[PDB]
$ cat entry-v2.txt   # compact mmCIF, C-alpha atoms and all ligand atoms
# COMPACT_ATOMS: atom_id res chain seq x y z
CA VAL Q 1 -6.93 -4.14 23.88
CA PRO Q 2 -7.21 -0.64 25.46
CA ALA Q 3 -6.69 2.21 22.97
CA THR Q 4 -4.01 3.87 25.10
CA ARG Q 5 -2.02 0.63 25.10
CA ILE Q 6 -2.36 0.52 21.30
CA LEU Q 7 -1.10 4.14 21.23
CA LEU Q 8 2.02 3.13 23.22
CA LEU Q 9 2.62 0.12 20.96
CA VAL Q 10 2.53 2.21 17.77
CA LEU Q 11 4.80 4.84 19.41
CA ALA Q 12 7.29 2.06 20.24
CA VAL Q 13 7.14 0.90 16.59
CA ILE Q 14 7.74 4.48 15.43
CA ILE Q 15 10.82 4.89 17.69
CA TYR Q 16 12.15 1.50 16.51
CA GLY Q 17 11.66 2.37 12.81
CA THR Q 18 13.05 5.91 13.10
CA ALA Q 19 16.20 5.08 15.11
CA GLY Q 20 16.89 1.97 12.99
CA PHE Q 21 16.63 3.74 9.60
CA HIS Q 22 18.68 6.69 10.91
CA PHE Q 23 21.54 4.50 12.17
CA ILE Q 24 21.49 1.81 9.48
CA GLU Q 25 20.80 3.97 6.40
CA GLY Q 26 22.19 7.30 7.65
CA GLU Q 27 19.24 9.56 6.89
CA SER Q 28 18.26 12.48 9.14
CA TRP Q 29 15.99 11.89 12.16
CA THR Q 30 13.21 13.80 10.35
CA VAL Q 31 13.55 11.82 7.09
CA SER Q 32 13.74 8.58 9.11
CA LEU Q 33 10.53 9.39 11.03
CA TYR Q 34 8.77 10.27 7.74
CA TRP Q 35 10.05 7.04 6.12
CA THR Q 36 8.84 5.05 9.15
CA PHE Q 37 5.26 6.39 8.77
CA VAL Q 38 5.31 5.95 4.98
CA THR Q 39 6.46 2.34 5.52
CA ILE Q 40 4.20 1.15 8.35
CA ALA Q 41 1.15 2.82 6.72
CA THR Q 42 2.21 0.80 3.67
CA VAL Q 43 2.29 3.99 1.53
CA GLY Q 44 5.95 3.30 0.54
CA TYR Q 45 6.69 6.21 -1.84
CA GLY Q 46 10.19 4.86 -2.44
CA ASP Q 47 11.73 8.33 -2.25
CA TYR Q 48 13.58 6.69 0.67
CA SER Q 49 14.45 3.00 1.01
CA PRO Q 50 17.24 0.82 2.46
CA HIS Q 51 20.35 0.43 0.29
CA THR Q 52 22.24 -2.00 2.55
CA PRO Q 53 21.62 -5.70 3.29
CA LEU Q 54 21.23 -4.84 7.01
CA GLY Q 55 18.77 -2.06 6.12
CA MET Q 56 16.76 -4.49 3.99
CA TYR Q 57 16.59 -7.07 6.81
CA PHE Q 58 15.65 -4.31 9.27
CA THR Q 59 12.92 -3.05 6.93
CA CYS Q 60 11.36 -6.53 6.71
CA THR Q 61 11.25 -6.70 10.53
CA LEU Q 62 9.65 -3.22 10.70
CA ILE Q 63 7.12 -4.29 8.07
CA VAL Q 64 6.15 -7.39 10.08
CA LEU Q 65 6.10 -5.65 13.50
CA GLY Q 66 4.66 -2.31 12.38
CA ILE Q 67 2.00 -2.75 9.71
CA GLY Q 68 -0.52 -4.59 11.91
CA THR Q 69 0.15 -2.26 14.85
CA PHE Q 70 -0.39 0.84 12.72
CA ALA Q 71 -3.57 -0.62 11.18
CA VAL Q 72 -5.08 -1.23 14.65
CA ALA Q 73 -3.98 2.24 15.84
CA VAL Q 74 -5.69 4.07 12.95
CA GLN Q 75 -8.89 2.05 13.51
CA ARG Q 76 -9.03 3.11 17.19
CA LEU Q 77 -8.25 6.74 16.28
CA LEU Q 78 -11.28 6.67 13.94
CA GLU Q 79 -13.57 5.93 16.90
CA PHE Q 80 -12.11 8.74 19.03
CA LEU Q 81 -12.40 11.25 16.16
CA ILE Q 82 -15.87 10.02 15.15
CA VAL U 1 -7.34 -21.61 10.71
CA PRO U 2 -4.55 -22.49 13.21
CA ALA U 3 -1.85 -19.79 13.49
CA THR U 4 0.98 -22.26 12.84
CA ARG U 5 -0.69 -23.29 9.58
CA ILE U 6 -0.94 -19.60 8.64
CA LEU U 7 2.79 -19.28 9.47
CA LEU U 8 3.60 -22.14 7.05
CA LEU U 9 1.40 -20.63 4.34
CA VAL U 10 3.13 -17.23 4.50
CA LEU U 11 6.55 -18.97 4.53
CA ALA U 12 5.55 -20.85 1.36
CA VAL U 13 4.50 -17.52 -0.22
CA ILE U 14 7.85 -15.99 0.78
CA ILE U 15 9.84 -18.88 -0.80
CA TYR U 16 7.70 -18.64 -3.96
CA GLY U 17 8.19 -14.85 -4.24
CA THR U 18 11.92 -14.93 -3.47
CA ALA U 19 12.90 -17.79 -5.81
CA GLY U 20 10.66 -16.44 -8.59
CA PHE U 21 12.03 -12.87 -8.51
CA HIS U 22 15.61 -14.18 -8.24
CA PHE U 23 15.30 -16.47 -11.28
CA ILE U 24 13.01 -14.32 -13.44
CA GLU U 25 14.48 -10.86 -12.72
CA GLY U 26 18.03 -11.89 -11.75
CA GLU U 27 18.36 -10.04 -8.45
CA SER U 28 20.28 -11.46 -5.48
CA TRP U 29 18.55 -13.84 -3.04
CA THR U 30 18.68 -11.09 -0.39
CA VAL U 31 17.21 -8.39 -2.66
CA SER U 32 14.57 -10.88 -3.85
CA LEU U 33 13.51 -11.75 -0.28
CA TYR U 34 13.33 -8.02 0.58
CA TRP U 35 11.30 -7.32 -2.59
CA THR U 36 8.96 -10.21 -1.73
CA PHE U 37 8.17 -8.71 1.72
CA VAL U 38 7.84 -5.18 0.30
CA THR U 39 5.41 -6.56 -2.31
CA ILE U 40 3.18 -8.86 -0.24
CA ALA U 41 2.96 -6.25 2.56
CA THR U 42 1.84 -3.94 -0.24
CA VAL U 43 4.59 -1.42 0.67
CA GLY U 44 5.97 -1.53 -2.92
CA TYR U 45 8.84 1.00 -2.74
CA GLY U 46 9.58 0.45 -6.44
CA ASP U 47 13.33 0.42 -5.84
CA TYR U 48 12.93 -3.10 -7.27
CA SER U 49 10.28 -4.23 -9.76
CA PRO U 50 9.93 -6.69 -12.67
CA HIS U 51 11.29 -5.49 -16.03
CA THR U 52 10.24 -8.51 -18.11
CA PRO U 53 6.78 -9.65 -19.28
CA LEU U 54 7.27 -12.96 -17.39
CA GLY U 55 8.30 -11.02 -14.27
CA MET U 56 5.18 -8.87 -14.55
CA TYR U 57 2.90 -11.91 -14.87
CA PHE U 58 4.71 -13.57 -11.95
CA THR U 59 4.33 -10.44 -9.83
CA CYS U 60 0.55 -10.38 -10.43
CA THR U 61 0.33 -14.01 -9.26
CA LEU U 62 2.41 -13.21 -6.14
CA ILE U 63 0.15 -10.22 -5.46
CA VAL U 64 -2.99 -12.38 -5.66
CA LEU U 65 -1.56 -15.34 -3.69
CA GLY U 66 0.48 -13.37 -1.16
CA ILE U 67 -1.30 -10.20 -0.06
CA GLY U 68 -4.21 -11.94 1.69
CA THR U 69 -1.91 -14.55 3.24
CA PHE U 70 0.43 -11.88 4.61
CA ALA U 71 -2.50 -9.82 5.95
CA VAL U 72 -3.85 -12.83 7.91
CA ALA U 73 -0.33 -13.70 9.17
CA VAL U 74 0.31 -10.21 10.59
CA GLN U 75 -3.12 -10.24 12.30
CA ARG U 76 -2.31 -13.54 14.07
CA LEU U 77 1.17 -12.29 15.03
CA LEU U 78 -0.50 -9.29 16.72
CA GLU U 79 -2.37 -11.63 19.08
CA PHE U 80 0.78 -13.60 19.99
CA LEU U 81 2.75 -10.39 20.64
CA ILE U 82 -0.15 -8.72 22.48
CA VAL D 1 -22.23 -11.73 -1.92
CA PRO D 2 -21.49 -14.98 -3.85
CA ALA D 3 -17.77 -15.52 -4.55
CA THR D 4 -18.32 -16.03 -8.29
CA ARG D 5 -20.07 -12.65 -8.47
CA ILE D 6 -17.09 -11.11 -6.67
CA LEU D 7 -14.82 -12.81 -9.24
CA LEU D 8 -16.79 -11.17 -12.10
CA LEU D 9 -16.68 -7.78 -10.38
CA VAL D 10 -12.88 -7.84 -9.97
CA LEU D 11 -12.51 -9.03 -13.61
CA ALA D 12 -14.62 -6.05 -14.73
CA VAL D 13 -12.36 -3.74 -12.66
CA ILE D 14 -9.28 -5.33 -14.26
CA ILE D 15 -10.64 -4.80 -17.82
CA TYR D 16 -11.57 -1.19 -16.95
CA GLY D 17 -8.12 -0.44 -15.48
CA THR D 18 -6.18 -2.17 -18.28
CA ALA D 19 -8.06 -0.65 -21.24
CA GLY D 20 -8.10 2.81 -19.60
CA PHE D 21 -4.35 2.94 -18.85
CA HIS D 22 -3.54 1.55 -22.31
CA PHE D 23 -5.62 4.16 -24.16
CA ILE D 24 -5.03 7.15 -21.88
CA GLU D 25 -1.33 6.63 -21.06
CA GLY D 26 -0.29 4.62 -24.14
CA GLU D 27 1.43 1.69 -22.45
CA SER D 28 1.24 -1.87 -23.83
CA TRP D 29 -1.71 -4.12 -22.92
CA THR D 30 0.67 -6.24 -20.80
CA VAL D 31 2.17 -3.26 -18.93
CA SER D 32 -1.34 -1.84 -18.45
CA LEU D 33 -2.66 -5.10 -16.96
CA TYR D 34 0.39 -5.29 -14.64
CA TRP D 35 -0.09 -1.62 -13.62
CA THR D 36 -3.80 -2.30 -12.95
CA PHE D 37 -2.97 -5.14 -10.49
CA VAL D 38 -0.16 -3.15 -8.86
CA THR D 39 -2.62 -0.25 -8.41
CA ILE D 40 -5.77 -2.00 -7.17
CA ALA D 41 -3.70 -4.20 -4.80
CA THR D 42 -2.33 -0.87 -3.57
CA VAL D 43 1.26 -2.06 -4.21
CA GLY D 44 1.93 0.99 -6.47
CA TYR D 45 5.61 0.48 -7.42
CA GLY D 46 5.56 3.72 -9.42
CA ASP D 47 7.54 2.17 -12.26
CA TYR D 48 4.36 3.08 -14.18
CA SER D 49 2.00 5.96 -13.39
CA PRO D 50 -0.25 8.43 -15.26
CA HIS D 51 1.51 11.47 -16.76
CA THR D 52 -1.59 13.24 -18.10
CA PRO D 53 -4.40 15.07 -16.26
CA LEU D 54 -6.94 12.62 -17.77
CA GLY D 55 -4.77 9.68 -16.65
CA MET D 56 -4.62 11.10 -13.13
CA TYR D 57 -8.42 11.52 -12.96
CA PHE D 58 -8.86 8.00 -14.38
CA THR D 59 -6.43 6.58 -11.81
CA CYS D 60 -8.41 8.14 -8.94
CA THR D 61 -11.60 6.51 -10.27
CA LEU D 62 -9.82 3.13 -10.58
CA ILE D 63 -8.51 3.53 -7.02
CA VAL D 64 -12.02 4.20 -5.67
CA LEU D 65 -13.77 1.48 -7.73
CA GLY D 66 -11.01 -1.15 -7.59
CA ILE D 67 -9.31 -1.22 -4.20
CA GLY D 68 -12.35 -2.42 -2.23
CA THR D 69 -13.31 -4.90 -4.94
CA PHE D 70 -9.82 -6.39 -5.03
CA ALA D 71 -9.66 -6.58 -1.21
CA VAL D 72 -12.93 -8.57 -1.08
CA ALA D 73 -11.79 -10.83 -3.97
CA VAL D 74 -8.50 -11.80 -2.26
CA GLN D 75 -10.38 -12.54 1.00
CA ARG D 76 -12.74 -14.96 -0.80
CA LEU D 77 -9.82 -16.58 -2.67
CA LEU D 78 -8.20 -17.27 0.72
CA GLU D 79 -11.19 -19.41 1.74
CA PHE D 80 -11.16 -21.41 -1.51
CA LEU D 81 -7.40 -22.02 -1.25
CA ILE D 82 -7.55 -22.76 2.49
CA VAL E 1 -21.82 5.74 11.25
CA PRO E 2 -24.15 6.86 8.40
CA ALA E 3 -22.61 6.48 4.92
CA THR E 4 -23.31 10.10 3.97
CA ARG E 5 -21.40 11.26 7.05
CA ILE E 6 -18.51 9.02 6.00
CA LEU E 7 -18.71 10.61 2.52
CA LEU E 8 -18.37 14.10 4.07
CA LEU E 9 -15.46 12.98 6.25
CA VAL E 10 -13.48 11.60 3.29
CA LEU E 11 -14.26 14.77 1.27
CA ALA E 12 -12.87 16.86 4.16
CA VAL E 13 -9.72 14.68 4.15
CA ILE E 14 -9.40 15.15 0.38
CA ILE E 15 -9.66 18.98 0.66
CA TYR E 16 -7.12 18.96 3.52
CA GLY E 17 -4.65 16.78 1.58
CA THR E 18 -5.05 18.67 -1.71
CA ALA E 19 -4.75 22.22 -0.33
CA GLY E 20 -1.88 21.22 1.98
CA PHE E 21 0.24 19.55 -0.73
CA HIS E 22 -0.47 22.42 -3.15
CA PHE E 23 0.62 25.13 -0.70
CA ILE E 24 3.45 23.28 1.04
CA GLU E 25 5.00 21.47 -1.94
CA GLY E 26 3.87 23.81 -4.74
CA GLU E 27 2.31 21.29 -7.12
CA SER E 28 -0.78 22.08 -9.20
CA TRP E 29 -4.27 21.62 -7.71
CA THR E 30 -4.80 18.65 -10.07
CA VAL E 31 -1.49 16.95 -9.17
CA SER E 32 -2.17 17.63 -5.48
CA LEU E 33 -5.64 16.03 -5.64
CA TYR E 34 -4.17 13.00 -7.48
CA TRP E 35 -1.35 12.74 -4.90
CA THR E 36 -3.91 12.95 -2.07
CA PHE E 37 -5.88 9.95 -3.44
CA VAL E 38 -2.69 7.98 -4.18
CA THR E 39 -1.57 8.65 -0.59
CA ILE E 40 -4.75 8.01 1.42
CA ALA E 41 -5.51 4.86 -0.64
CA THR E 42 -1.97 3.87 0.34
CA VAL E 43 -1.04 3.36 -3.35
CA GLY E 44 1.90 5.82 -3.01
CA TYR E 45 3.45 5.69 -6.51
CA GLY E 46 6.17 8.12 -5.42
CA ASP E 47 5.94 10.07 -8.68
CA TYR E 48 5.02 12.87 -6.24
CA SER E 49 6.17 13.19 -2.62
CA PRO E 50 7.06 15.94 -0.12
CA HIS E 51 10.58 17.39 -0.43
CA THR E 52 10.41 19.76 2.56
CA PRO E 53 10.44 19.02 6.31
CA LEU E 54 7.02 20.73 6.63
CA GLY E 55 5.70 18.64 3.73
CA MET E 56 6.95 15.47 5.41
CA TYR E 57 5.27 16.36 8.72
CA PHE E 58 2.07 17.27 6.84
CA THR E 59 2.16 13.97 4.94
CA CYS E 60 2.40 11.99 8.20
CA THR E 61 -0.68 13.82 9.52
CA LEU E 62 -2.58 13.12 6.27
CA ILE E 63 -1.55 9.46 6.51
CA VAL E 64 -2.88 9.18 10.08
CA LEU E 65 -6.10 11.17 9.46
CA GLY E 66 -6.84 9.91 5.94
CA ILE E 67 -6.01 6.22 5.57
CA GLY E 68 -8.65 4.94 8.00
CA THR E 69 -11.26 7.38 6.67
CA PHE E 70 -10.63 6.33 3.07
CA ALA E 71 -10.73 2.62 4.01
CA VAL E 72 -14.17 3.02 5.66
CA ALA E 73 -15.44 5.12 2.71
CA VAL E 74 -14.50 2.48 0.09
CA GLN E 75 -16.16 -0.25 2.21
CA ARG E 76 -19.45 1.69 2.31
CA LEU E 77 -19.25 2.45 -1.42
CA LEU E 78 -18.97 -1.31 -2.05
CA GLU E 79 -22.39 -1.84 -0.44
CA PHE E 80 -24.05 0.93 -2.47
CA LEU E 81 -22.55 -0.39 -5.73
CA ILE E 82 -23.27 -4.03 -4.85
K K Q 101 6.54 3.56 -4.92
K K Q 102 2.02 1.10 -1.52
K K Q 103 4.21 2.29 -3.17
K K Q 104 -0.54 -0.29 0.40

$ encode --input "entry-v2.txt" --output "structure tokens"
Amino acid sequence: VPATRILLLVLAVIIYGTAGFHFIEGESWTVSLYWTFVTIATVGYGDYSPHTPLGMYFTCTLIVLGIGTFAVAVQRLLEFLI
Amino acid sequence: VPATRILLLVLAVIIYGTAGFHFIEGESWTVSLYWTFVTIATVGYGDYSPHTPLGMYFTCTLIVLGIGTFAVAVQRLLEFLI
Amino acid sequence: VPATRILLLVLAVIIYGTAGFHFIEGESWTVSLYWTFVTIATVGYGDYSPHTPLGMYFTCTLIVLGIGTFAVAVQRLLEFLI
Amino acid sequence: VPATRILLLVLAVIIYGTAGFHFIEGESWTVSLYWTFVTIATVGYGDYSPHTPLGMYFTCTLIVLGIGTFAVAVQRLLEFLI
């Protein structure tokens, strides 16, 4: 898969995660973007997390759709930095 | 290993994690399912965690049985989405 | 590397992590073992963490020595379960 | 990529993470180094995390630049220990 396509896929995941957390959990756009990265990178500080059943369901979908995508994206970035 | 078999294996892990956390730690089915995903994806927010010695032992078993299974499942899902 | 040797290596990591956390941070053997798994699996709930400078240094060493070892161990366990 | 070059790359990431967290979030050099390892290893206890918008942005950059680098570094260390 071409690296630029992988870039677009991870950007789509990031938009999905950010907008979802913002609207479902009510955190700022900035906090939601931060939380999205922390989640899909699997860092998961827990400073932010879903507190609603919908937020929890949404988070599981983001986990499934985002973690693999982010992992592949970082791998490709390695090559272009190294 | 066929992707559908990997699907069944991760579903079995999810049932195991969810039922175990629910019965050992006493959280709702929904919270337990959420916690199971957060754990096997290695996100681990820490908003939920075991507070009993049995829960701690159980969590270690879920970690060992689930993390690899989930990792393989997300990899295969990548291919079917991309 | 033979799977049984990988088993011994991860067991050595587990002993190292458990004894270290117990003596440096003062948590029970059970809690320390649980924390060791949660850490080397990279789950990191944060329900337990080092609160001393020595504990922090020790945790970084466990992270470096343990995360790779655990990752290889789970991969090999996959094959023997599947 | 030569293992020594990978060593230098992860050391550069560690300096970047430590100095950044120290200056942006105001934690001690020791705490900042610890947080850097916990973050790039993806452990993310959440005992420490950014509380400013700049810190959050910085953390996302560290996540993107550091997680892959650390993953490759631990893999190479495995070979030299085993
Ligand atoms: K956490
Ligand atoms: K984590
Ligand atoms: K975590
Ligand atoms: K992780």

$ calpha_fit_and_write --input "entry-v2.txt" --fixed "chain Q" --moving "chain D" --output "PDB file with C-alpha atoms, in the coordinates of the input"
ATOM      1  CA  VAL D   1      -6.934  -4.144  23.878  1.00  0.00           C
ATOM      2  CA  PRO D   2      -7.218  -0.647  25.466  1.00  0.00           C
ATOM      3  CA  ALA D   3      -6.695   2.203  22.971  1.00  0.00           C
ATOM      4  CA  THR D   4      -4.010   3.875  25.104  1.00  0.00           C
ATOM      5  CA  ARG D   5      -2.018   0.626  25.101  1.00  0.00           C
ATOM      6  CA  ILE D   6      -2.355   0.526  21.311  1.00  0.00           C
ATOM      7  CA  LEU D   7      -1.104   4.142  21.230  1.00  0.00           C
ATOM      8  CA  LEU D   8       2.021   3.130  23.220  1.00  0.00           C
ATOM      9  CA  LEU D   9       2.619   0.126  20.966  1.00  0.00           C
ATOM     10  CA  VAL D  10       2.532   2.207  17.761  1.00  0.00           C
ATOM     11  CA  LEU D  11       4.806   4.836  19.411  1.00  0.00           C
ATOM     12  CA  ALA D  12       7.297   2.063  20.243  1.00  0.00           C
ATOM     13  CA  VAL D  13       7.140   0.898  16.590  1.00  0.00           C
ATOM     14  CA  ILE D  14       7.730   4.486  15.427  1.00  0.00           C
ATOM     15  CA  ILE D  15      10.817   4.896  17.686  1.00  0.00           C
ATOM     16  CA  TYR D  16      12.155   1.508  16.509  1.00  0.00           C
ATOM     17  CA  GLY D  17      11.658   2.366  12.815  1.00  0.00           C
ATOM     18  CA  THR D  18      13.053   5.911  13.104  1.00  0.00           C
ATOM     19  CA  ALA D  19      16.196   5.077  15.114  1.00  0.00           C
ATOM     20  CA  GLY D  20      16.888   1.973  12.982  1.00  0.00           C
ATOM     21  CA  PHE D  21      16.633   3.746   9.600  1.00  0.00           C
ATOM     22  CA  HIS D  22      18.677   6.689  10.911  1.00  0.00           C
ATOM     23  CA  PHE D  23      21.545   4.507  12.168  1.00  0.00           C
ATOM     24  CA  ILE D  24      21.492   1.810   9.483  1.00  0.00           C
ATOM     25  CA  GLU D  25      20.797   3.966   6.401  1.00  0.00           C
ATOM     26  CA  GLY D  26      22.189   7.299   7.650  1.00  0.00           C
ATOM     27  CA  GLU D  27      19.237   9.559   6.888  1.00  0.00           C
ATOM     28  CA  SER D  28      18.259  12.483   9.148  1.00  0.00           C
ATOM     29  CA  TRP D  29      15.992  11.893  12.166  1.00  0.00           C
ATOM     30  CA  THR D  30      13.215  13.797  10.346  1.00  0.00           C
ATOM     31  CA  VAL D  31      13.554  11.819   7.090  1.00  0.00           C
ATOM     32  CA  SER D  32      13.738   8.589   9.114  1.00  0.00           C
ATOM     33  CA  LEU D  33      10.533   9.385  11.032  1.00  0.00           C
ATOM     34  CA  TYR D  34       8.770  10.276   7.743  1.00  0.00           C
ATOM     35  CA  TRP D  35      10.055   7.044   6.116  1.00  0.00           C
ATOM     36  CA  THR D  36       8.844   5.046   9.152  1.00  0.00           C
ATOM     37  CA  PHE D  37       5.257   6.385   8.768  1.00  0.00           C
ATOM     38  CA  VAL D  38       5.308   5.953   4.983  1.00  0.00           C
ATOM     39  CA  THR D  39       6.458   2.340   5.519  1.00  0.00           C
ATOM     40  CA  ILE D  40       4.202   1.148   8.349  1.00  0.00           C
ATOM     41  CA  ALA D  41       1.154   2.815   6.717  1.00  0.00           C
ATOM     42  CA  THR D  42       2.205   0.804   3.663  1.00  0.00           C
ATOM     43  CA  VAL D  43       2.291   3.994   1.536  1.00  0.00           C
ATOM     44  CA  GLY D  44       5.949   3.300   0.537  1.00  0.00           C
ATOM     45  CA  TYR D  45       6.689   6.216  -1.841  1.00  0.00           C
ATOM     46  CA  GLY D  46      10.194   4.857  -2.443  1.00  0.00           C
ATOM     47  CA  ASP D  47      11.730   8.320  -2.250  1.00  0.00           C
ATOM     48  CA  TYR D  48      13.580   6.686   0.671  1.00  0.00           C
ATOM     49  CA  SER D  49      14.451   2.995   1.002  1.00  0.00           C
ATOM     50  CA  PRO D  50      17.240   0.819   2.466  1.00  0.00           C
ATOM     51  CA  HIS D  51      20.358   0.434   0.293  1.00  0.00           C
ATOM     52  CA  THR D  52      22.247  -1.996   2.544  1.00  0.00           C
ATOM     53  CA  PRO D  53      21.623  -5.695   3.289  1.00  0.00           C
ATOM     54  CA  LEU D  54      21.225  -4.844   7.011  1.00  0.00           C
ATOM     55  CA  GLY D  55      18.762  -2.064   6.113  1.00  0.00           C
ATOM     56  CA  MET D  56      16.757  -4.493   3.989  1.00  0.00           C
ATOM     57  CA  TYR D  57      16.586  -7.074   6.808  1.00  0.00           C
ATOM     58  CA  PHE D  58      15.645  -4.306   9.269  1.00  0.00           C
ATOM     59  CA  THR D  59      12.917  -3.049   6.924  1.00  0.00           C
ATOM     60  CA  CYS D  60      11.363  -6.532   6.714  1.00  0.00           C
ATOM     61  CA  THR D  61      11.252  -6.699  10.530  1.00  0.00           C
ATOM     62  CA  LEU D  62       9.658  -3.218  10.700  1.00  0.00           C
ATOM     63  CA  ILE D  63       7.111  -4.291   8.072  1.00  0.00           C
ATOM     64  CA  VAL D  64       6.153  -7.393  10.085  1.00  0.00           C
ATOM     65  CA  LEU D  65       6.101  -5.654  13.503  1.00  0.00           C
ATOM     66  CA  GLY D  66       4.654  -2.309  12.375  1.00  0.00           C
ATOM     67  CA  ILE D  67       1.998  -2.759   9.705  1.00  0.00           C
ATOM     68  CA  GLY D  68      -0.519  -4.584  11.918  1.00  0.00           C
ATOM     69  CA  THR D  69       0.152  -2.262  14.846  1.00  0.00           C
ATOM     70  CA  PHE D  70      -0.389   0.833  12.717  1.00  0.00           C
ATOM     71  CA  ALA D  71      -3.576  -0.624  11.176  1.00  0.00           C
ATOM     72  CA  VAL D  72      -5.084  -1.235  14.643  1.00  0.00           C
ATOM     73  CA  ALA D  73      -3.984   2.244  15.847  1.00  0.00           C
ATOM     74  CA  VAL D  74      -5.692   4.076  12.946  1.00  0.00           C
ATOM     75  CA  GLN D  75      -8.897   2.048  13.515  1.00  0.00           C
ATOM     76  CA  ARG D  76      -9.029   3.111  17.192  1.00  0.00           C
ATOM     77  CA  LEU D  77      -8.250   6.745  16.277  1.00  0.00           C
ATOM     78  CA  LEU D  78     -11.274   6.671  13.944  1.00  0.00           C
ATOM     79  CA  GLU D  79     -13.568   5.934  16.903  1.00  0.00           C
ATOM     80  CA  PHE D  80     -12.108   8.745  19.031  1.00  0.00           C
ATOM     81  CA  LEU D  81     -12.398  11.244  16.159  1.00  0.00           C
ATOM     82  CA  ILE D  82     -15.864  10.016  15.142  1.00  0.00           C
TER      83      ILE D  82
END

$ residues_around --input "entry-v2.txt" --residues "stretch 70-77 of chain E" --least-positions-apart "4" --cutoff "12 Å" --atoms "only C-alpha atoms" --output "VMD selection string"
(chain Q and resid 71 74 to 75 78 to 79 82) or (chain D and resid 42 61 to 72) or (chain E and resid 1 to 14 36 to 43 62 to 66 81 to 82)

$ atom_distance --input "entry-v2.txt" --atom1 "atom CA of residue U:35" --atom2 "atom CA of residue U:59"
10.5 Å

$ atom_distance --input "entry-v2.txt" --atom1 "atom CA of residue Q:25" --atom2 "atom CA of residue Q:50"
6.2 Å

$ residues_near_ligand --input "entry-v2.txt" --ligand "ligand K 103 (chain Q)" --cutoff "7 Å" --atoms "only C-alpha atoms and all ligand atoms" --output "PyMOL selection string"
(chain Q and resi 43-46) or (chain U and resi 43-46) or (chain D and resi 43-46) or (chain E and resi 43-46)

$ write_last_selection --input "entry-v2.txt" --atoms "C-alpha atoms" --output "tab-separated table (two decimals), in the frame of the given file"
chain	number	residue	atom	x	y	z
Q	43	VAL	CA	2.29	3.99	1.53
Q	44	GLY	CA	5.95	3.30	0.54
Q	45	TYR	CA	6.69	6.21	-1.84
Q	46	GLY	CA	10.19	4.86	-2.44
U	43	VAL	CA	4.59	-1.42	0.67
U	44	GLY	CA	5.97	-1.53	-2.92
U	45	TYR	CA	8.84	1.00	-2.74
U	46	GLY	CA	9.58	0.45	-6.44
D	43	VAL	CA	1.26	-2.06	-4.21
D	44	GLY	CA	1.93	0.99	-6.47
D	45	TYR	CA	5.61	0.48	-7.42
D	46	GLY	CA	5.56	3.72	-9.42
E	43	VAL	CA	-1.04	3.36	-3.35
E	44	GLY	CA	1.90	5.82	-3.01
E	45	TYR	CA	3.45	5.69	-6.51
E	46	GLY	CA	6.17	8.12	-5.42

$ atom_distance --input "entry-v2.txt" --atom1 "atom CA of residue D:32" --atom2 "atom CA of residue D:54"
15.5 Å

$ closest_residue --input "entry-v2.txt" --among "D:80, D:58, D:23, D:34" --to "chain E" --atoms "only C-alpha atoms"
D:58

$ closest_residue --input "entry-v2.txt" --among "Q:47, Q:60, Q:55, Q:22" --to "chain D" --atoms "all atoms listed in the file"
Q:47

$ closest_residue --input "entry-v2.txt" --among "Q:31, Q:49, Q:26, Q:57" --to "chain E" --atoms "only C-alpha atoms"
Q:31

$ closest_residue --input "entry-v2.txt" --among "D:15, D:33, D:24, D:56" --to "chain U" --atoms "all atoms listed in the file"
D:33
